[PDB]
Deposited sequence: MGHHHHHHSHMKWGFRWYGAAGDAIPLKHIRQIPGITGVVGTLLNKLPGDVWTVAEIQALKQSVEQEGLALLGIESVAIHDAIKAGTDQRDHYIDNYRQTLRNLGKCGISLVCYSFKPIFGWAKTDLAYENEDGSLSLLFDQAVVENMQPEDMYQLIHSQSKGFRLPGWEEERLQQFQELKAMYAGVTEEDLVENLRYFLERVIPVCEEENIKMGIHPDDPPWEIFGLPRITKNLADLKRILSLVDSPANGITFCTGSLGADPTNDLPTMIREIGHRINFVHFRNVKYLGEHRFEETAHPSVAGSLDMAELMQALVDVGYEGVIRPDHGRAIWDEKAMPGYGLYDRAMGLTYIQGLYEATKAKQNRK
């Protein structure tokens, strides 16, 4: 079990690396060149740089996340062939630098959605909240404006993608992910890398925009596109946990053999279709974590795992779910779960 911890590298991440390496148990981190944009090619030079700054503080670079999934490959445009080629190229670069894990997501226009991104709790901490009620009475562009902070120089940025993905049905997207996998997975194996796709949060349709990975249904389907251990899935218990109809345990046991990454974060049901992020321990939220930790051992999972967004606590300037405190605190609780559970 490689205890990981997301890090934005020596840039923007106000979290020094000499501090993360002081977390008890950490085995490494999961980085991502925030410079490059969707579609760019990651040069061995940049990858080597990142990996180095990490190993300097005696931390291993467990895998890179935020990857370049250009809208072309997703929508199904024609330029996708050039981007799927620039993607397989970086894939060769990552393998050349030893990287073996890549996390990615096939989401349409919104990489993430949240109505209230500063919800205060009883303990006086801030959290990200998503209320379906608010998503209804709000225009699709407003969400864009929100997750990208009057910005008119970005208005067309959204109005274009909308007109682009317009017409792309659910099954169409699955097919575009097929084309993508069929041309990136093969090289993954050559370079010896496992790709892990990030589920949708929330795990349900919003703004009539079709999303595939949101339940054991699609998950199973994702694995079918290309039957290969390289075509795996990261497990963000939180993201999927947001939908109470999603039996997290069974799932892990159902498709655990294909989990290459895992975001062990807890969520709280502050209402019907509305919910929030909270502390890792079960008492804090609505997800029985112990049970979840038991299900991972069952599938014999021993890969990289990292706590996900938590809360903005202890008077930190950082936006909730991006600071060191609650995340690091979360990283020790799960090891406590693991240890004991594994002690059987």
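- Annotation: deposited residues 1-10, 160-168, 364-367 are not represented by C-alpha coordinates in the model.
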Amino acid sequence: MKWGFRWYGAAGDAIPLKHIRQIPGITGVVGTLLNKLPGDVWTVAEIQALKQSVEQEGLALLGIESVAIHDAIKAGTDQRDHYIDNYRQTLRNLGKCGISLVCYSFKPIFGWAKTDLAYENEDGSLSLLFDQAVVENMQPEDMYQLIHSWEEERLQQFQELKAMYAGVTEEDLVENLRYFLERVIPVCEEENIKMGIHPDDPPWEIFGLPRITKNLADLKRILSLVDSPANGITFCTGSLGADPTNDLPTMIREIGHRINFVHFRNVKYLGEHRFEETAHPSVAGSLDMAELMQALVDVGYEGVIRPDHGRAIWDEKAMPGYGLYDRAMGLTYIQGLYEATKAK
From here on, numbers count along this sequence of modelled residues.
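- With 305-313 and 37-45 compared on mean CA B-factor from the PDB entry, the stretch scoring higher is 37-45.
- Note on 130-138 vs 82-90: mean CA B-factor is higher in 130-138.
- Across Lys214, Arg221, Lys194, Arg274, the entry's maximum B-factor at the CA atom is seen for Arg274.
- Of all the options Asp227, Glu205, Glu189, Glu182, the entry's greatest CA B-factor is assigned to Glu205.
- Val67 sits in the highest third of its chain by CA B factor, as recorded in the PDB entry.
- Among all modelled residues in its chain, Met319 ranks in the highest third by Cα B-factor.
- For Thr237, the recorded CA B-factor ranks within the lowest third of the chain. Only modelled residues enter the ranking.
- Annotation for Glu175: CA B-factor lies in the lowest third of the chain's modelled residues.
- When all modelled residues of the chain are sorted by CA temperature factor, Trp112 is found within the highest third.
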